[PDB]
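Below is one structure; the comments refer to it alone.
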Amino acid sequence: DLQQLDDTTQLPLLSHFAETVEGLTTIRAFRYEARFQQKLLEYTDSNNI
Amino acid sequence: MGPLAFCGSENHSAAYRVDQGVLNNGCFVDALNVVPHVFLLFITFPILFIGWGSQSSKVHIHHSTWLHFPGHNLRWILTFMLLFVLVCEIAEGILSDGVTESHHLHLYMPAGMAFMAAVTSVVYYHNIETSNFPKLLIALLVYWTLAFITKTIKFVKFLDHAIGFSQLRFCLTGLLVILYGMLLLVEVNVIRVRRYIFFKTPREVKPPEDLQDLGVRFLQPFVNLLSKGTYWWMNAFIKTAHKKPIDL
Amino acid sequence: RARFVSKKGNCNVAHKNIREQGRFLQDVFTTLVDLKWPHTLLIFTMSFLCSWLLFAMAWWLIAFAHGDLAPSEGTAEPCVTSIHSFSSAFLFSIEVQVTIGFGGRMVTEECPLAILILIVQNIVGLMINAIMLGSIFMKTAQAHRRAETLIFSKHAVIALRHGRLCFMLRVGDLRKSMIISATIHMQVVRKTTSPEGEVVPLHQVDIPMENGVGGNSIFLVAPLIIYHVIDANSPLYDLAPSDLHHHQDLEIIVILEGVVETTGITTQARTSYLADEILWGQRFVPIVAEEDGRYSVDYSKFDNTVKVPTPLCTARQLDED
Amino acid sequence: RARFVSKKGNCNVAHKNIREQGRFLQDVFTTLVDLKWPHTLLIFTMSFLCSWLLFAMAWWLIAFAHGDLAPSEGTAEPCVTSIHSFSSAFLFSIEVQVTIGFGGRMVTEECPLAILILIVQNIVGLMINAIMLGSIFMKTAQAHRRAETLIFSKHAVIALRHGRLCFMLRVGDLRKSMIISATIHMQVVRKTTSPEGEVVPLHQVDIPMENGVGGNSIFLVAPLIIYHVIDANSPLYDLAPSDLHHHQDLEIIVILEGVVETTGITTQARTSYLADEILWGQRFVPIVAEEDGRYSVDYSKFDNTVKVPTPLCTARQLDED
Amino acid sequence: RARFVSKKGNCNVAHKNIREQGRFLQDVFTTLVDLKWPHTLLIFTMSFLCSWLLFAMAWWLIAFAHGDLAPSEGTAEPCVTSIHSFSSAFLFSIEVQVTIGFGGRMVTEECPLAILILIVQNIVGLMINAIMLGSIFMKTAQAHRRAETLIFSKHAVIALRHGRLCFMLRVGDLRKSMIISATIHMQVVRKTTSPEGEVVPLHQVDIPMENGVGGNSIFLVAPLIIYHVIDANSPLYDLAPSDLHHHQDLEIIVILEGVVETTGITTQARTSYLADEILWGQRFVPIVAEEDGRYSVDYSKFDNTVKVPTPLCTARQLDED
Amino acid sequence: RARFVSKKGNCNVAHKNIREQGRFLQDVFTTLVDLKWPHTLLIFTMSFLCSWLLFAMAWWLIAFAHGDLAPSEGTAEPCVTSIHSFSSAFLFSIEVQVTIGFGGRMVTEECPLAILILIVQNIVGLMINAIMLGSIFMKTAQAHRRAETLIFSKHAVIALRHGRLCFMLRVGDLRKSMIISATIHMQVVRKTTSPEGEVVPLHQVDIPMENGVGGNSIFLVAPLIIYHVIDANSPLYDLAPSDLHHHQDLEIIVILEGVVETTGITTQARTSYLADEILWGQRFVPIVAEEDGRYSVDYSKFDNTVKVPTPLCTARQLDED
């Protein structure tokens with residue numbers, strides 16, 4: 001249960017990296033950088049626990 | 001197994017005989033040693049029984065504010081050192097009683113009641129440090145000073161009888177009395193921090209910052225040094241993972 | 001789906017997450033009385049045994065410190081006569097504290113600290129005797145076991161009485177003795193919502209008992225039908241007869257309390273009636289017969305109902321004829 | 001024809017066909033208190049005698065199993081000194097349990113199971129001592145014998161007071177001490193029928209006591225006239241003066257209860273007034289005289305009535321002038 | 001001219017000409033508690049002394065019937081050891097019944113009727129011990145001595161409050177502990193006459209206490225001013241200020257009762273206010289001061305009045321402006 | 001600025017300048033119970049020790065007046081056996097009065113005044129035993145320590161309910177056992193002034209508890225929200241939301257009392273809510289959850305408030321829409 005929980009929170013962190021580095025120019029189009037930074041902090045706190 | 005004598009019934013009938021010095025019998029310091037241990041048993045068992053055994057199976061103890069009185073890691077480390085040397089005294093009593101005859105009980109029963117008193121001291125300290133209330137453990141203060149006064153009078157009666165550092169129990173009583181002096185960190189726990197009783201202010205240390213029901217439930221870095229080491233929060237989660245799934 | 005208090009009368013609450021144990025040790029006496037019976041007998045005999053063993057260790061240390069346990073008797077008198085073991089001192093502490101006092105072991109007047117330990121053994125034995133025997137008498141004399149004698153109906157009913165719908169139930173007393181100044185507090189609990197949006201999960205709102213003065217006072221000799229008239233001020237006013245099913249948030253509790261005539265101590269009996277247990281349109285059979293100049297009640301026919309005709313809609317819609 | 005409760009105050013009910021004895025053994029204490037006095041003295045002395053005989057059999061089996069009853073004494077010490085019969089062990093169990101402790105028979109420290117049977121004899125003797133002496137004090141200290149001191153009228157009367165018909169009766173207190181917070185619950189029982197057809201055999205409906213606030217609270221120093229004003233809300237409203245005969249279903253009970261000032265325990269006094277015992281048109285003689293600066297009451301003239309004029313029809317027909 | 005109950009709180013009644021002593025012996029316990037203290041100590045020590053003397057005569061007759069008082073000892077064992085007088089048997093009955101048990105005199109197992117008289121001496125001694133020590137504790141623990149702590153005003157007053165005349169008096173509590181659920185029953189007694197001609201000599205009619213809900217419940221921490229608003233339903237409505245003289249038939253009694261917080265037993269305090277003791281037009285001084293963060297009351301200035309202006313006619317004539 | 005009674009429930013009064021100590025010695029028993037615990041143990045062991053020392057001086061004077069302390073024994077029997085010191089007579093008075101009775105020292109039947117001093121030592125020892133052990137049981141069994149179990153909110157709140165402003169607070173019970181017939185007396189104290197000029201410093205005026213019948217009766221199983229609806233008859237009617245500050249003369253006390261189910265003795269719990277502690281516009285979180293077929297309450301979320309919208313003016317100005 002805990003190892004399957006760690007893998008299913010390990011996947012959206014790399015999905016968030018793969019959609020940051022794809023849409024980098026259109027995330028620096030908006031000023032939505034800090035919202036995505038808070039989304040990465042929520043993803044890495046869930047992966048860390 | 002014999003008539004179960006305290007001082008042996010050695011057929012001199014003379015280990016019971018206090019004639020020339022009133023503390024110079026040598027068994028009277030061993031019979032004086034059991035006074036704080038049966039004091040701590042017969043004081044600590046109704047207080048622990050009325051406080052924690054007498055709540056029902058329906059009602060439920062709180063699960064946050066695990067606030068430690070300071071000196072906590074030092075007190076658990078010296079309590080495991082105390083349990084180590086009391087197992088050494090019980091093994092010395094086994095090795096010292098059976099060489100002659102018929103069950104000298106004073107080599108067992110001080111360290112047996114001291115071992116039971118030390119484990120009820122540490123479960124009493126964990127029950128007070130869980131339930132936060134510092135107006136008790138002056139019973140622990142008079143326990144550690146009564147054990148310290150009886151172990152110093154056993155140590156100076158060993159020093160009067162010219163018992164040097166070749167016998168084991170002289171050195172083991174010396175480790176016990178340097179240990180019992182360093183188990184008076186209750187004076188560290190009352191003065192310069194946590195002025196609970198005999199000082200004119202309370203110090204009023206705040207609770208830790210994740211324990212105002214912040215949804216944490218990780219429970220490691222503020223729990224006691226036994227259950228830091230053996231992870232006795234984690235077996236509650238391993239029981240909860242039986243008959244449930246564990247989600248995020 | 002989940003009851004507040006069962007039909008036996010025990011409350012189904014949990015009391016989770018009490019932070020303070022600091023309020024619990026300020027009264028040790030009511031939680032000494034609140035234990036179960038093997039816990040009460042265990043703390044009774046362990047209090048008496050730990051007092052006898054502690055004073056046995058004190059008398060054994062006195063007879064060891066005088067040299068009385070040593071048998072080297074030249075001429076000198078003992079502190080205590082004929083003690084030469086620990087178990088003789090344990091026999092002596094048993095003989096002192098519950099005041100048997102045989103006399104093969106007795107205090108001689110040599111040792112003054114033996115007289116001091118005898119004085120404080122008699123004082124602590126009288127204090128432990130008073131607190132423990134009064135605690136076991138107040139444990140066996142409490143009045144919560146009187147609620148097994150006081151019975152209720154299996155089913156409460158709703159029928160017509162004097163033009164109005166009345167919520168009727170039957171409570172009986174099974175003892176020859178009486179219960180003095182018996183009151184009825186019928187409360188209906190559910191979850192409600194305010195018009196300003198306040199939701200409370202168990203709103204213990206109170207229906208009045210219809211008695212004749214308005215004061216809730218009864219006389220429990222015959223098993224009598226407690227009835228509450230459904231009026232517009234009552235919260236059973238919009239109760240529909242199709243709403244008497246399972247998983248319906250409606251629970252009427254009946255609290256009967258009074259002082260028992262014999263023991264003189266206040267009892268309380270509580271029960272519940274769920275939405276499944278409330279029957280519509282029925283009323284109770286008259287059970288009070290009469291033979292040889294005495295009234296007679298039949299408790300075999302106690303919760304028996306007869307199914308009268310009743311208009312099967314709400315008490316609001318009965319009020320417009 | 002058959003009274004609900006007599007003039008002495010005992011209830012005339014039968015309690016037939018109780019199926020469950022399962023609720024009766026859950027409280028042994030209130031049915032231990034509920035016995036008659038030879039049953040109470042029989043269970044008192046048989047509880048003490050069966051405890052002494054059971055521990056006498058235990059001490060006799062200890063002295064038989066050690067060989068102590070055999071007189072072959074080489075050198076060995078006994079368990080108990082000087083026991084050589086069963087009756088010596090019965091004397092020893094009497095000397096232990098009510099803690100006389102003579103000392104010709106005493107426990108020596110040889111046998112440890114003698115110390116175990118002495119410990120459990122002292123524990124069971126302290127428990128039996130606390131429960132039985134508290135039970136005999138709560139038996140002799142109950143307050144249902146206080147209702148013999150509190151008296152009532154032989155006849156209640158109906159007369160005119162302030163334009164209205166009032167149902168008047170007189171209750172006196174015959175003790176120099178008082179009774180604290182005395183309430184009156186006058187109930188009128190009969191058999192009624194509903195307009196929807198519900199017939200109940202003893203409908204304990206409640207008349208209010210006219211006091212002045214409306215709360216039923218009195219002060220029983222002088223014997224005072226308790227009166228209830230017959231109003232249209234009262235069910236004595238259609239009472240005719242020709243309806244005061246034998247075999248008439250009308251019975252007014254008067255319940256007086258309060259806490260006794262001396263013993264501090266709650267009493268209750270009950271009485272009845274039948275249709276033969278209710279007199280019409282009479283009122284009580286004033287019995288409170290005055291001499292040497294003190295009020296004086298005469299209890300010889302207590303239930304004496306004087307026959308005033310009264311309009312001899314119903315209180316409904318008095319209400320239209 | 002003659003008071004109903006004095007300012008100390010004792011009732012001035014006589015209870016003349018009670019015919020029946022037959023109701024008095026049915027309860028011996030409440031009249032055992034109702035004695036004075038030398039009568040209570042006399043019946044205490046005479047009950048214990050007559051039990052010791054009766055069983056002393058029984059043990060002396062056993063030792064006379066066995067020939068044990070005769071000193072002709074060939075070989076045979078006694079019933080009781082070392083009895084050779086009546087006073088030795090009186091010493092033995094003292095040693096048995098209050099369970100001292102010395103052991104120079106002890107029961108040997110020869111005589112079975114000695115064992116029967118020992119069994120019934122232990123049973124009658126346990127019964128007499130339970131009834132007499134519970135009777136002396138219920139004698140010393142009764143709550144009628146708590147009314148000396150609860151004080152009242154020397155003078156009740158009548159002044160104006162909120163446009164209306166109010167009958168005001170002051171009651172204080174002089175203990176640090178509290179009194180739980182304290183009620184006030186102010187009653188005004190006089191002799192009245194009915195319009196139909198019924199004259200009662202002490203009509204205990206009840207004025208309500210003005211509180212704010214209407215329930216008579218107070219909280220006796222500070223000495224607070226109990227006031228009753230004179231309304232047309234009150235019988236102080238036609239009270240004139242010239243009617244406050246001696247030989248005026250007007251007596252207002254104040255009944256305060258509640259349960260004491262410490263002993264847990266119900267008390268009652270009563271007082272009176274005559275027509276001389278009721279002052280017109282004055283009101284009480286405010287006595288509740290404040291220093292160092294605590295409220296402070298001065299009981300030296302307790303019944304001190306200040307003489308305000310007040311319209312000096314009746315409350316009926318105040319009601320038409 | 002200065003509280004009437006604190007949040008723990010102790011009253012902040014002073015009781016200055018009581019002139020009379022004459023009322024205090026008329027009841028020694030309730031002020032014997034009213035001490036602190038080291039004063040109670042000091043008067044307990046000093047009463048028993050002064051009785052043993054006084055009768056020890058009596059037995060020593062008997063053995064001095066007979067010449068028994070002199071060892072010149074020709075043939076004559078003693079009064080008491082083997083007394084030859086004062087401390088042997090102190091041992092004998094200890095052996096008589098708490099009824100140990102060893103038998104090395106015993107009363108012989110020579111001296112009749114020894115029998116008289118033994119009789120009055122047994123009578124005074126039984127009286128001192130009954131009064132002191134009943135006093136220590138009534139000291140440890142009083143119900144003022146039950147108020148530590150009964151909790152209240154830290155903050156009372158004022159919010160909207162059913163169109164009206166309601167003064168809401170939360171009281172919980174932390175025991176598995178119940179409390180029988182629990183009443184609520186909410187009182188609001190301040191200093192007011194009359195329109196005729198009467199100023200009282202702590203006017204304990206009473207707000208009614210909104211319950212549903214009007215009788216203040218609750219059922220403390222779940223922690224329930226006690227609310228009082230602010231109406232024009234209530235004196236919280238002109239309460240402004242800017243008046244909830246420090247040094248504001250407004251103090252609402254909540255008195256909860258009832259009889260404990262276990263010990264059977266009446267308790268009382270009191271608290272306060274100041275003007276700082278009353279919050280405006282907030283209401284309590286619903287804390288009664290439900291899992292595994294039982295209701296569950298969370299006492300960690302007990303005094304937690306949520307800040308709803310509320311019109312921020314007085315309840316008089318809310319009443320004109």
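By order in the structure tokens, chains are A, B, ...; within a chain, residues start at 1; ligands start at 1, following the order shown.
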Problem set entry | 9 Å contact set for residue D:255, only C-alpha atoms, chain neighbours under 2 positions out, as a PyMOL selection string | (chain C and resi 219) or (chain D and resi 183-187+253+257+268-272)
For this session: Find the residues near residue C:25: any atom within 12 Å, counting only C-alpha atoms, skip ones fewer than 5 places away on the same chain, and give them as a PyMOL selection string.
Result: (chain B and resi 46-52+54-55+131+133+135-136) or (chain C and resi 20+30-32) or (chain F and resi 145-146+148-149)
For this session: Would you mind reading off the distance between atom CA of residue E:92 and atom CA of residue E:123, one decimal, in Å?
Result: 16.1 Å
Problem set entry | Test item: chain B residues at most 9 Å from chain A, counting only C-alpha atoms, as a ChimeraX atom specification | /B:218,241,245-248
Dump of N, CA, C and O atoms for the selected residues, as a short mmCIF file (atom, residue, chain, number, x, y, z; two decimals), in the first residue's frame:
```cif
data_model
loop_
_atom_site.label_atom_id
_atom_site.label_comp_id
_atom_site.auth_asym_id
_atom_site.auth_seq_id
_atom_site.Cartn_x
_atom_site.Cartn_y
_atom_site.Cartn_z
N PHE B 218 2.69 12.32 11.27
CA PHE B 218 3.95 11.66 10.99
C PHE B 218 4.56 11.13 12.27
O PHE B 218 5.21 10.08 12.25
N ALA B 241 -3.37 -0.13 8.53
CA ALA B 241 -3.30 -0.63 7.16
C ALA B 241 -3.89 -2.03 7.02
O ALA B 241 -4.25 -2.42 5.90
N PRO B 245 -7.63 0.27 3.21
CA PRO B 245 -6.53 0.75 2.37
C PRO B 245 -5.99 2.07 2.91
O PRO B 245 -6.65 2.78 3.67
N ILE B 246 -4.76 2.38 2.52
CA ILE B 246 -4.11 3.62 2.91
C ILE B 246 -4.09 4.54 1.70
O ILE B 246 -3.43 4.26 0.70
N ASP B 247 -4.81 5.65 1.80
CA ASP B 247 -4.82 6.64 0.75
C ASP B 247 -3.89 7.79 1.10
O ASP B 247 -3.13 7.72 2.07
N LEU B 248 -3.94 8.84 0.29
CA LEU B 248 -3.02 9.96 0.44
C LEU B 248 -3.41 10.86 1.60
O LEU B 248 -2.55 11.51 2.19
#
```
For this session: Restrict the distance test to only C-alpha atoms, flag each residue of chain D within 10 Å of chain F, and return the flagged residues as a PyMOL selection string.
Result: chain D and resi 99-103
Output file for the residues above (N, CA and C atoms, as a short mmCIF file (atom, residue, chain, number, x, y, z; two decimals), in the first residue's frame):
```
data_model
loop_
_atom_site.label_atom_id
_atom_site.label_comp_id
_atom_site.auth_asym_id
_atom_site.auth_seq_id
_atom_site.Cartn_x
_atom_site.Cartn_y
_atom_site.Cartn_z
N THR D 99 -13.16 -9.77 64.44
CA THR D 99 -11.91 -9.16 64.94
C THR D 99 -11.86 -9.07 66.47
N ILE D 100 -12.30 -10.14 67.12
CA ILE D 100 -12.12 -10.24 68.56
C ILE D 100 -10.68 -10.55 68.88
N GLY D 101 -10.20 -11.72 68.44
CA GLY D 101 -8.80 -12.06 68.52
C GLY D 101 -8.27 -12.35 69.90
N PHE D 102 -8.61 -13.50 70.47
CA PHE D 102 -8.29 -13.78 71.87
C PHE D 102 -6.80 -14.08 72.06
N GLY D 103 -6.28 -15.06 71.34
CA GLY D 103 -4.86 -15.32 71.37
C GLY D 103 -4.47 -16.66 71.92
#
```
For this session: Name the residues of stretch 89-281 of chain D that fall into strand (DSSP E or B) according to DSSP on the backbone, using the chain letters and numbers of this document, as a ChimeraX atom specification.
Result: /D:107,150-152,156-161,164-173,179-193,199-206,218,224-229,251-260,266-273,278-280
For this session: Using only C-alpha atoms, select each residue of chain B with any atom at most 6 Å away from an atom of chain C, and give the selection as an MDAnalysis selection string.
Result: chainID B and resid 16:18 58:62
Env of residue D:156: 12 Å cut, atoms = only C-alpha atoms, seq-sep filter 3 positions within chain, self excluded. Answer as a PDB file with N, CA and C atoms, in the first residue's frame.
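Just written: part04.pdb:
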```pdb
ATOM      1  N   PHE D 152     -53.919  13.121  57.969  1.00  0.00           N
ATOM      2  CA  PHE D 152     -54.836  13.733  57.036  1.00  0.00           C
ATOM      3  C   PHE D 152     -56.202  13.770  57.683  1.00  0.00           C
ATOM      4  N   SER D 153     -57.149  14.371  56.985  1.00  0.00           N
ATOM      5  CA  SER D 153     -58.520  14.363  57.445  1.00  0.00           C
ATOM      6  C   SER D 153     -59.152  13.007  57.193  1.00  0.00           C
ATOM      7  N   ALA D 159     -66.883  23.090  49.940  1.00  0.00           N
ATOM      8  CA  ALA D 159     -67.666  24.234  50.385  1.00  0.00           C
ATOM      9  C   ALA D 159     -67.420  25.392  49.435  1.00  0.00           C
ATOM     10  N   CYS D 166     -64.765  24.991  46.375  1.00  0.00           N
ATOM     11  CA  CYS D 166     -63.409  24.536  46.594  1.00  0.00           C
ATOM     12  C   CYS D 166     -63.421  23.184  47.273  1.00  0.00           C
ATOM     13  N   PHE D 167     -62.570  22.293  46.789  1.00  0.00           N
ATOM     14  CA  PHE D 167     -62.416  20.965  47.362  1.00  0.00           C
ATOM     15  C   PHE D 167     -61.363  21.047  48.453  1.00  0.00           C
ATOM     16  N   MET D 168     -61.792  20.996  49.707  1.00  0.00           N
ATOM     17  CA  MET D 168     -60.923  21.291  50.833  1.00  0.00           C
ATOM     18  C   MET D 168     -60.644  20.039  51.651  1.00  0.00           C
ATOM     19  N   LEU D 169     -59.394  19.888  52.078  1.00  0.00           N
ATOM     20  CA  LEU D 169     -59.014  18.828  52.997  1.00  0.00           C
ATOM     21  C   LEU D 169     -57.945  19.372  53.926  1.00  0.00           C
ATOM     22  N   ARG D 170     -57.697  18.653  55.016  1.00  0.00           N
ATOM     23  CA  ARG D 170     -56.805  19.126  56.066  1.00  0.00           C
ATOM     24  C   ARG D 170     -55.727  18.094  56.340  1.00  0.00           C
ATOM     25  N   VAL D 171     -54.472  18.530  56.311  1.00  0.00           N
ATOM     26  CA  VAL D 171     -53.319  17.676  56.577  1.00  0.00           C
ATOM     27  C   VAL D 171     -52.557  18.307  57.731  1.00  0.00           C
ATOM     28  N   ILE D 225     -55.432  23.974  55.755  1.00  0.00           N
ATOM     29  CA  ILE D 225     -56.496  23.463  54.904  1.00  0.00           C
ATOM     30  C   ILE D 225     -56.033  23.571  53.459  1.00  0.00           C
ATOM     31  N   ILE D 226     -55.694  22.439  52.863  1.00  0.00           N
ATOM     32  CA  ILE D 226     -55.365  22.389  51.446  1.00  0.00           C
ATOM     33  C   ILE D 226     -56.654  22.433  50.645  1.00  0.00           C
ATOM     34  N   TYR D 227     -56.773  23.422  49.772  1.00  0.00           N
ATOM     35  CA  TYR D 227     -57.981  23.591  48.989  1.00  0.00           C
ATOM     36  C   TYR D 227     -57.634  23.744  47.519  1.00  0.00           C
ATOM     37  N   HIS D 228     -58.498  23.192  46.674  1.00  0.00           N
ATOM     38  CA  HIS D 228     -58.371  23.274  45.226  1.00  0.00           C
ATOM     39  C   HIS D 228     -59.652  23.870  44.677  1.00  0.00           C
ATOM     40  N   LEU D 244     -72.170  11.495  45.449  1.00  0.00           N
ATOM     41  CA  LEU D 244     -71.268  11.138  46.537  1.00  0.00           C
ATOM     42  C   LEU D 244     -71.785   9.919  47.297  1.00  0.00           C
ATOM     43  N   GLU D 251     -62.195   8.770  42.847  1.00  0.00           N
ATOM     44  CA  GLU D 251     -61.250   8.569  43.936  1.00  0.00           C
ATOM     45  C   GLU D 251     -60.176   9.632  43.827  1.00  0.00           C
ATOM     46  N   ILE D 252     -60.094  10.497  44.824  1.00  0.00           N
ATOM     47  CA  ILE D 252     -59.118  11.571  44.838  1.00  0.00           C
ATOM     48  C   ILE D 252     -58.016  11.187  45.801  1.00  0.00           C
ATOM     49  N   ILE D 253     -56.795  11.091  45.298  1.00  0.00           N
ATOM     50  CA  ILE D 253     -55.645  10.771  46.122  1.00  0.00           C
ATOM     51  C   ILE D 253     -54.848  12.046  46.349  1.00  0.00           C
ATOM     52  N   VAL D 254     -54.200  12.129  47.504  1.00  0.00           N
ATOM     53  CA  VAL D 254     -53.400  13.289  47.883  1.00  0.00           C
ATOM     54  C   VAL D 254     -52.003  12.786  48.174  1.00  0.00           C
ATOM     55  N   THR D 271     -52.661   9.330  50.699  1.00  0.00           N
ATOM     56  CA  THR D 271     -53.951   8.987  51.270  1.00  0.00           C
ATOM     57  C   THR D 271     -54.985   8.991  50.160  1.00  0.00           C
ATOM     58  N   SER D 272     -56.230   8.711  50.520  1.00  0.00           N
ATOM     59  CA  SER D 272     -57.307   8.736  49.552  1.00  0.00           C
ATOM     60  C   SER D 272     -58.531   9.389  50.144  1.00  0.00           C
ATOM     61  N   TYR D 273     -59.414   9.815  49.254  1.00  0.00           N
ATOM     62  CA  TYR D 273     -60.742  10.268  49.628  1.00  0.00           C
ATOM     63  C   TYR D 273     -61.709   9.711  48.605  1.00  0.00           C
ATOM     64  N   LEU D 274     -62.609   8.851  49.053  1.00  0.00           N
ATOM     65  CA  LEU D 274     -63.573   8.227  48.168  1.00  0.00           C
ATOM     66  C   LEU D 274     -64.786   9.126  47.987  1.00  0.00           C
ATOM     67  N   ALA D 275     -65.786   8.611  47.276  1.00  0.00           N
ATOM     68  CA  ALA D 275     -67.016   9.366  47.094  1.00  0.00           C
ATOM     69  C   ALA D 275     -67.883   9.327  48.342  1.00  0.00           C
ATOM     70  N   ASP D 276     -67.728   8.299  49.170  1.00  0.00           N
ATOM     71  CA  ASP D 276     -68.380   8.306  50.470  1.00  0.00           C
ATOM     72  C   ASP D 276     -67.674   9.232  51.438  1.00  0.00           C
ATOM     73  N   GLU D 277     -66.360   9.360  51.316  1.00  0.00           N
ATOM     74  CA  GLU D 277     -65.605  10.151  52.271  1.00  0.00           C
ATOM     75  C   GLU D 277     -65.605  11.632  51.945  1.00  0.00           C
ATOM     76  N   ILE D 278     -66.002  12.026  50.745  1.00  0.00           N
ATOM     77  CA  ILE D 278     -66.142  13.438  50.423  1.00  0.00           C
ATOM     78  C   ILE D 278     -67.512  13.888  50.906  1.00  0.00           C
ATOM     79  N   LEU D 279     -67.530  14.861  51.802  1.00  0.00           N
ATOM     80  CA  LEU D 279     -68.770  15.443  52.276  1.00  0.00           C
ATOM     81  C   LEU D 279     -69.056  16.712  51.499  1.00  0.00           C
ATOM     82  N   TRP D 280     -70.331  16.986  51.280  1.00  0.00           N
ATOM     83  CA  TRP D 280     -70.750  18.185  50.575  1.00  0.00           C
ATOM     84  C   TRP D 280     -71.231  19.218  51.573  1.00  0.00           C
ATOM     85  N   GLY D 281     -70.895  20.474  51.311  1.00  0.00           N
ATOM     86  CA  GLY D 281     -71.505  21.580  52.009  1.00  0.00           C
ATOM     87  C   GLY D 281     -70.980  21.875  53.391  1.00  0.00           C
ATOM     88  N   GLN D 282     -69.987  21.149  53.869  1.00  0.00           N
ATOM     89  CA  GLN D 282     -69.447  21.368  55.193  1.00  0.00           C
ATOM     90  C   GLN D 282     -68.077  22.005  55.052  1.00  0.00           C
ATOM     91  N   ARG D 283     -67.576  22.574  56.135  1.00  0.00           N
ATOM     92  CA  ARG D 283     -66.230  23.115  56.129  1.00  0.00           C
ATOM     93  C   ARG D 283     -65.624  22.867  57.492  1.00  0.00           C
ATOM     94  N   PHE D 284     -64.321  23.074  57.590  1.00  0.00           N
ATOM     95  CA  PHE D 284     -63.612  22.692  58.793  1.00  0.00           C
ATOM     96  C   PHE D 284     -63.752  23.740  59.879  1.00  0.00           C
ATOM     97  N   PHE D 302     -60.020  17.751  65.044  1.00  0.00           N
ATOM     98  CA  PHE D 302     -59.259  17.861  63.804  1.00  0.00           C
ATOM     99  C   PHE D 302     -60.129  17.713  62.564  1.00  0.00           C
ATOM    100  N   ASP D 303     -60.883  16.627  62.471  1.00  0.00           N
ATOM    101  CA  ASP D 303     -61.726  16.376  61.308  1.00  0.00           C
ATOM    102  C   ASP D 303     -63.183  16.725  61.570  1.00  0.00           C
ATOM    103  N   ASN D 304     -63.437  17.760  62.359  1.00  0.00           N
ATOM    104  CA  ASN D 304     -64.790  18.133  62.735  1.00  0.00           C
ATOM    105  C   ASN D 304     -65.329  19.168  61.762  1.00  0.00           C
ATOM    106  N   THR D 305     -66.551  18.945  61.287  1.00  0.00           N
ATOM    107  CA  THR D 305     -67.183  19.759  60.257  1.00  0.00           C
ATOM    108  C   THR D 305     -68.479  20.369  60.780  1.00  0.00           C
TER     109      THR D 305
END
```
For this session: Considering only C-alpha atoms, return as a VMD selection string whatever protein or nucleic-acid residues lie within 10 Å of residue C:177, sequence-local ones (same chain, fewer than 5 positions apart) excluded.
Result: (chain C and resid 220 to 221 260 to 262) or (chain D and resid 10 to 11 30 to 31 34 144)
For this session: Quick one: everything within 10 Å of residue F:113, counting only C-alpha atoms, minus sequence neighbours fewer than 4 positions away in the same chain. Send it as a list in words.
Result: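 Contacts, with the query itself left out: residues 59, 62, 79, 109, 117, 118 and 119 of chain F.
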